[PDB]
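# Commentary on secondary and tertiary structure
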Amino acid sequence: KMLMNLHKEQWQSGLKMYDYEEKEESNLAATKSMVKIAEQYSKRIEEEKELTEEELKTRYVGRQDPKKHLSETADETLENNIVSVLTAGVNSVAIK
Amino acid sequence: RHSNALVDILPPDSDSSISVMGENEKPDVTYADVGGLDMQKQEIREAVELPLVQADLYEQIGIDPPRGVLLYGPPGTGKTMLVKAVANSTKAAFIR
Amino acid sequence: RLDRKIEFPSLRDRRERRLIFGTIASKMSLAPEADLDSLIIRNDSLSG
Amino acid sequence: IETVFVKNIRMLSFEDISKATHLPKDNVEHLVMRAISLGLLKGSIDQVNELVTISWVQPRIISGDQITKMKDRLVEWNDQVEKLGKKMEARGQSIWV
Amino acid sequence: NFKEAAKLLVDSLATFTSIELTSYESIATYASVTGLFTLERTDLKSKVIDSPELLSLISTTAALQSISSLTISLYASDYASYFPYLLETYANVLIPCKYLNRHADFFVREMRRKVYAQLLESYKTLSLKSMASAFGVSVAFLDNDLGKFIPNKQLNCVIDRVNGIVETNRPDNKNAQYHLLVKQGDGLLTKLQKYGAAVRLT
Amino acid sequence: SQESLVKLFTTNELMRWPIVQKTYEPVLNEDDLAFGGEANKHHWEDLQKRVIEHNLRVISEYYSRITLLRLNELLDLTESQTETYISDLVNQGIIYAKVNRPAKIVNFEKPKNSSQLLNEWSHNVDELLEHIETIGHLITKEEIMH
Amino acid sequence: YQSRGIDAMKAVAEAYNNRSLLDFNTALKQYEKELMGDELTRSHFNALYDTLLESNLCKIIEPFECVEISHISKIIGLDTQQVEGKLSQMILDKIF
Amino acid sequence: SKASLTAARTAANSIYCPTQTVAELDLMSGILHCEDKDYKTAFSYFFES
Amino acid sequence: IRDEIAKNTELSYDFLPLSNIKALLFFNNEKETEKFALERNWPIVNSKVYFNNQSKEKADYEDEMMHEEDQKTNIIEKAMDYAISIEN
Ligand SMILES: Nc1ncnc2c1ncn2[C@@H]1O[C@H](COP(=O)(O)OP(=O)(O)O)[C@@H](O)[C@H]1O
Ligand SMILES: [Mg+2]
């Protein structure tokens, strides 16, 4: 318990919704970036009935797979936006 | 550092030399400082700059787009001058 | 190669001498005492 | 400074000030302007909407009754924290599952 | 369709063969009308009127003259001569021409809408009265023509009859981006529902 | 003479044009070559422009929306003069205002963005919290000791 | 060489330098036939007139928000109907 | 206008053709560049002509 | 019919003369028209009705119940229920 500690700023950062300038930027940038790799997700799967996993990645240049990257981007911006709307709604209803 | 292994790539800095001049040290000469030579200018502008500005235009015709451009004349004609101007307005890389 | 071949005049017509003298005016306002046109006549072989 | 602040609404029409400081509306705005200059308040004057909307205050005098008005004012928003603290706890079934 | 026919027709003005094909005078006139249907007033002048293989013939029949007079006067924002030139275009382009006597009604609806669309993005809370005297039309016809397109929402505009004021409430804002985004995301959803459910049964 | 004169404009404060015109004419016409030269007599006209220009900058902070009808009293200039002297200041790029020509309202405030306005709320909420933390250990301190 | 259009050139030039549409409007009416007399003179003088009106218009409306068009026509020095028809044409392009 | 302005220079041998025809030829370049929005090139031709 | 037109006429009018409400909801006395007004909790003060007054009190009735709070669905609730489906 001593080694770990409990932070007094753990409670302040919970109850602070970050600046909104950085949030217009966050949504804007993220949604735009997923258009470039969304297109390449089609080209991967034009065929998929071909044998060998490495083979699929060598024909259409699916190296560091567009399925895995695009999904990953979808899960990680999604985690942040749910938490941000949560923090914002908590502060406004709580404080006054 | 503690044990070599590959973790990141960097921009190229070596084995290809430096012989570039940037856009941050670009000539102060422009097409506006160009006085005379206005007939021939149009053909240079079309030869260097237009493939950049409208690539689609070449494709449409299906014309193999221009290549080398000899500029020539006796000395003091202004050749070095003209090509100083090309370097600012191309908005692209420059090797002299 | 080698598609576009650009020729320059270097003797220059009066039309092209005038333009490079005209660069002076663009660059900076000049005196009514000045006459550019005097310079175009006397030339015979003069590049930029 | 006393009349707007003592209320829980922070934005107040010029009229109420006018009978209070026994001055017409023209001097109300001048009083307000003088304070901002002096660095006693920071805020705005609107003679369009006829409002003074203050947003920074320099410390008030101590008195028992001022204490009482601060203590009552926290009550209002203490309720909201406590009621919300039950809602959020209960909710979530994947809090560490 | 007229939308695509603008492209096609102007590019056949460049290179044409008249052997086993309609007169040239016809293509030139058709080309103008198609311009109206597809393009906004701003790009009317750049892409159809300034085309140099429409200004080599100039005008050489009644039908090209009536249509040419209209196109320019609509961009020029003289609506005084516009309503008179509509009468001319009915006469010489729609009725003689076989292919346009079949969109004899569609033309009327279209070109009243098109005029009304140019003022109403460039004006807010203007009289009916002011608009009639400019147009050269009666007031009574004008009230009735605007109300064709209000219910379909191609003006998105509403008219005070009480004081003759013609109001403007056009979307173009944040709400406008919201309506486009939801019409797409509603269609995506319906598709995901049917297709998902299908794969799941089999 | 110098002391009173200067402090008025150093500090941000409203000081009417007729008070300057009357008071400071006999004080400063004595010294020559700024107000008592013959070429500098007509620098009293340029005293008028500066006081009111000052008046408009102070008012810019302090108001955010004002009627034009009020503003004529604040500067003591007439309606026609008020509108005109604001419009030049927008060209010299000292202020931004929107000026309504029918003698309506004059707003010295800025077009804003959604984001910017909520940045202030981001700060009020943080600082409020900051206070709740400091308060919490000061209360304990006075509890035990007193 | 001396023509009525040599007289036009000096009138128009001085007018455009002033930024005065009043001097311009008068000059266009009295020297209307000199513009009809040549295509090149005619095309450019009207593109010069339209732009002169535009340029001077932005300054009046530079504060923005409820500016009378009676106020505008005063400065401009032309009839209300002439100014209003310019006002509609330019809003449509969407340049303010 | 350009296509056959160029064709004029190629089918002539400079401006060594009669001095009158050169006036007319210089005048015609003059119009065309003025429309392209080059007024230094337009002025220079027109002066020569 | 008389009870049905009161419902329609809340949304239509904000206030009416007592002689106008009389004509519309059909009555042969002004004792009937005001009795009908005060059933629908609309003051008859100033000799005008005030339809908006009943609308306020219906809205309060709804806010006291817990059937109106979750129909709205608050933004704290929506995000948290959104979060646990994913992590499930
Ligand atoms: N069209 C022109 N406008 C202005 N100056 C010019 C022009 N042509 C040449 N000059 C002048 O001539 C100078 C020398 O020309 P440069 O381009 O170095 O010539 P070359 O390679 O033909 O020997 C330039 O620096 C410039 O000052
Ligand atoms: Mg060299």
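Per the deposition metadata, cryo-EM was the technique used to determine this entry, at a resolution of 4.5 Å.

With that settled, the discussion passes to a negative patch on the surface. Residues and elements named next belong to chain I. Together, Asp60, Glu62, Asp63, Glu64, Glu69 and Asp70 line one region of the surface with negative charge. Mapped onto the negative patch, the elements with two or more residues apiece are α4 (52–64) and α5 (69–72). With 4 residues, α4 is the single largest residue contributor to the negative patch. Looking at the element boundaries, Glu69 is found in helix α5. Judged by its relative accessible area of 38%, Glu69 is partly exposed.

All names here are of chain I. Secondary-structure assignment places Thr9 in helix α1 (residues 2–12). Of note is the side chain of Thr9, whose polar atom sits 3.2 Å from the backbone oxygen of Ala6. With residues near it in sequence (within four places) discarded, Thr9 still touches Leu25 and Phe51.

The interface of chain C with chain B comprises 17 residues on the first partner and 22 residues on the second. When chain C packs against chain B, close to 1800 Å² is buried across both sides, 57% of that on carbon and sulfur atoms. The three residues of chain C that bury the most area against chain B are C:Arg4, C:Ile6 and C:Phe8, which together make up 41% of that side's buried surface. The interface formed by chain C and chain B holds 0 salt bridges in total. At the boundary of chain C and chain B, one finds 12 residue pairs in polar contact. Here the element with the most residues in the side of chain C that touches chain B is strand β1 (residues 2–7) of chain C; it accounts for 6 residues. Residue classes in the side of chain C that touches chain B are distributed as 6 nonpolar, 4 polar and 7 charged. Here 5 bridges tie strand β1 (residues 68–72) of chain B to β1(C), and the two strands are oriented parallel to one another. What sits directly across from B:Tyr72, in β1(C), is C:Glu7.

Here we come to unusual backbone geometry. Of note, the phi angle at A:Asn5 is positive, near 65°, even though the residue is not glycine. Positive phi, close to 75°, is recorded for C:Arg12, a residue that is not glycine. Within the secondary structure, C:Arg12 sits in the loop between β1 and α1 (14–21). Note on C:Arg12: relative accessible area 6%, which makes it buried.

Right, let's talk about the sheet that holds strand β1 (residues 63–67) of chain F for a bit. Spatially, β1(D)-β3(D)-β2(D)-β1(F)-β3(F)-β2(F) is the arrangement adopted by the 6 strands of the open sheet, whose pairing is mixed. Strand pairing shows two members of the sheet lacking a second neighbour, β1 (11–13) of chain D together with β2 (98–99) of chain F, which therefore form its edges. In the packing of helix α4 (residues 45–62) of chain F onto the sheet, the strands contacted are β2 (41–46) of chain D together with β1 of chain F, and the crossing angle to β1(F) comes to about 110°.

All names here are of chain E. Strand order in the open sheet formed by 3 strands is β1-β3-β2, and the pairing between neighbours is antiparallel. At either end of the open sheet lies a strand with only one pairing partner, and these are β1 (126–127) and β2 (157–159). Alignment of β2 against strand β3 (residues 165–168), held across 3 bridges, turns out to be antiparallel. Across the sheet, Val158 pairs through a bridge with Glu167, a residue of β3.

Attention now moves to the site of ligand 1. The environment of ligand 1 is formed by B:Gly35, B:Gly36, B:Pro74, B:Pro75, B:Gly76, B:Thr77, B:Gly78, B:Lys79, B:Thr80, B:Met81, C:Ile20 and C:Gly48. At the site occupied by ligand 1, the surrounding residues belong to chains B and C. Contact distances for ligand 1 include 3.4 Å between a nitrogen atom and a backbone N or O atom of B:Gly36. B:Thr80 has a polar backbone atom sitting 3.2 Å from an oxygen atom of ligand 1. Out of a free accessible area of 580 Å², ligand 1 has 68% covered by protein chains. Here the shell around ligand 1 gets 3 residues from one element, more than from any other, and that element is helix α4 (residues 79–89) of chain B. Of the residues assigned to the shell around ligand 1, the class counts are 4 nonpolar, 7 polar and 1 charged.

On the chain I side, the residues contacting the 7 residues of chain D number 8 residues. Here chain D packs against chain I, burying approximately 660 Å² in sum over the two surfaces, 61% of which is carbon and sulfur. Joining chain D to chain I, the criterion identifies 0 salt bridges. Counting across the chain D and chain I interface gives 2 residue pairs in polar contact.

Right, let's talk about helix α6 (residues 79–91) of chain F for a bit. Residue and element names in this part refer to chain F. Among the residues of α6, those classed as buried are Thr82, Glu83, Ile86, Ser87, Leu89 and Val90. Each buried residue of α6 lies within a common arc of 160° when the element is viewed along its axis, so the set occupies one face. In this structure, the buried residues of α6 make contact with α4, α5 (68–75), β2 and β3 (105–107). Directly after α6, the chain includes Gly93, whose backbone phi takes a positive value near 70°.

Attention shifts here to the environment of C:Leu46. Residue and element names in this part refer to chain C. With respect to the element layout, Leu46 can be found in the segment after α3 (37–42). On the basis of relative accessible area, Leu46 is assigned to the partly exposed category, the value being 39%. Residues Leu46 and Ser10, spaced 36 residues apart in sequence, show a C-alpha to C-alpha distance of 6.8 Å. Those residues in contact with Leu46 that lie beyond four places of it in its chain are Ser10, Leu11 and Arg12.

How each quantity is defined
- Residues numbered from 1 in each chain as written, not as in the entry; some residues may be left out.
- Chains lettered and ligands numbered in written order.
- Part of a larger assembly, values for the part shown.
- Heavy atoms only, no water.
- Patch = residues over 30% accessible without salt bridge, like charges linked within 9 Å, V, L, I, M, F, W, Y side chains within 5 Å.
- Areas by Shrake-Rupley, 256 points an atom, 1.4 Å probe, with all protein chains shown as cover.
- Salt bridge = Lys/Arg side-chain N within 4 Å of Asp/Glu carboxyl O.
- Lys, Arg positive; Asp, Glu negative; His and termini not counted.
- Charge placed at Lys NZ, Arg CZ, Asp CG, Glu CD.
- Helix = DSSP H or I, 4+ residues; strand = E, 2+ residues; numbered from the N terminus.
- Buried < 20%, exposed > 50% of the residue type's maximum accessible area, 1.4 Å probe, protein only.
- Polar contact = N/O pair within 3.5 Å; in protein donor to acceptor, adjacent residues only side chain to side chain.
- Contact = heavy atoms within 4.5 Å.
- Buried area = accessible area lost by both parts, 1.4 Å probe.
- Nonpolar A, V, L, I, M, F, W, Y, C, P; charged D, E, K, R; others polar.
- Pairing = 2+ DSSP bridges.
- Axes fitted to C-alpha atoms, helices over the stretch in contact; angles between N-to-C directions.
- Near = heavy atom within 4 Å.
- Arc of directions from axis to C-beta.

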